[PDB]
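The chain below stands alone, shown as structure tokens; this is the form deposited without ligand 9CA.
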């Protein structure tokens, strides 16, 4: 229960989603890139409100909760790995094994009855496409594919990316990237011209509700998402008018991009093709706590050899990353933050006045509320009563 009951009782269509301000438990989440964590160099990170520790032992990644069982201090305050397979708390030397979190020794009293009887929480970790995924959940984890958008795990798909921390709840990030009409904020994008792309100001829906989106619940890989089909039966708006007078126009170009966009649990958007007819963008909105998230953005592009990478790698650092990920998506970041106040007291979930193009967002909320694997609460974070 992370939200006032009176509010959850009003949004009968997607209460679980409104309540999930701390994110969905029992899902995988990219937290960093493999190149960021070397052998024997523990890194700290907060995910779904839980402080965690990640270490690489014999090339393999391990995840232990960053909070001693004794007096609850963060082990990372002073890292003490005395053996390849363990970590010793700097306070009273309680020692845990990275592979199962078991308390195997206590240097301050090797005769303690606690030894071998206590266990520190651990979480599954899997590397893929140069990305580190942590299963923030309990029990046996599902295939990493279930929480990845289609085409991310392709053998030839060269996945390159960037990562940073953004000051907004994760949901606001999701509903901004999957908002068909938010493209208006990009209307002055230099990338659009510097890649002569075609981008309308918005869209005039066509057809009925159902046709506006494609809800996925039959994928065998387990995925759960929604495709935004506003562009099929809808006429793009390239000329903005106020009182019959035209005051703004979209951008013209031969390059037809983003003619396919989908949002998938636990919170990753797929815009294909983008930022080029050959490339693709995959971006996660990872919940760190109730007010921040990791903006994990990547760019996929098929290849088949060294030369099909070094040139790309050169492109990424040269134009793409700076133009598409930063220069273009930076407009999304401050738009994301502009919605914080309205939803901060949870009142926005009841007072928002939606219009046609929000049909997609609504589908997403219903999907997420129905197929999320669990709601993260303060009980999971501090003291599970």
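Positions refer to the first chain, counted from 1. Rigid core: the largest C-alpha set superposing within 1.5 Å between the two forms.
Although it is not shown, the form deposited with ligand 9CA bound is what the next lines describe.
Student: So ligand 9CA isn't shown here. In the deposited bound form, which residue out of 258, 279, 172, 160 has a non-hydrogen atom within 4.5 Å of it?
Tutor: Selected residue: 258.
Student: Ligand 9CA isn't shown here, but in the deposited bound form which of 288, 132, 144, 183 has a heavy atom within 4.5 Å of it?
Tutor: Exactly one listed residue reaches within 4.5 Å, namely 183.
Student: Please determine whether each residue of 22, 24 and 50 possesses a non-hydrogen atom within 4.5 angstroms of ligand 9CA in the deposited bound form.
Tutor: Judged in the deposited bound form, none of 22, 24 and 50 sits within 4.5 Å of ligand 9CA.
Student: Taking 4.5 angstroms as the cut-off for heavy atoms, does residue 274 touch ligand 9CA in the deposited bound form?
Tutor: Yes, residue 274 lies within 4.5 Å of ligand 9CA in the deposited bound form.
Student: Please check if residue 55 has a heavy atom lying within 4.5 Å of any heavy atom of ligand 9CA in the deposited bound form.
Tutor: Contact with ligand 9CA, no.
Student: Does the 4.5 Å heavy atom contact test between residue 216 and ligand 9CA in the deposited bound form come out positive?
Tutor: Contact check for residue 216: no, nothing within 4.5 Å of ligand 9CA in the deposited bound form.
Student: If we define contact as a non-hydrogen atom of the residue within 4.5 angstroms of the partner, is residue 62 a contact of ligand 9CA in the deposited bound form?
Tutor: No, residue 62 stays farther than 4.5 Å from ligand 9CA in the deposited bound form.
Student: If contact means a heavy atom within 4.5 Å, which one of 309 to 317, 119 to 127, 173 to 181, 234 to 242 is the stretch that engages ligand 9CA in the deposited bound form?
Tutor: So the stretch in question is 173 to 181.
Student: For the heavy atom contacts within 4.5 Å of ligand 9CA in the deposited bound form, list the residues of 316 to 336 involved, in sequence order.
Tutor: 328, 329, in sequence order.
Student: Which residue, 231, 137, 250, 101, is displaced 2 Å or more at the Cα between the shown form and the other one after superposing the core?
Tutor: Meeting the 2 Å or more criterion is only 231.
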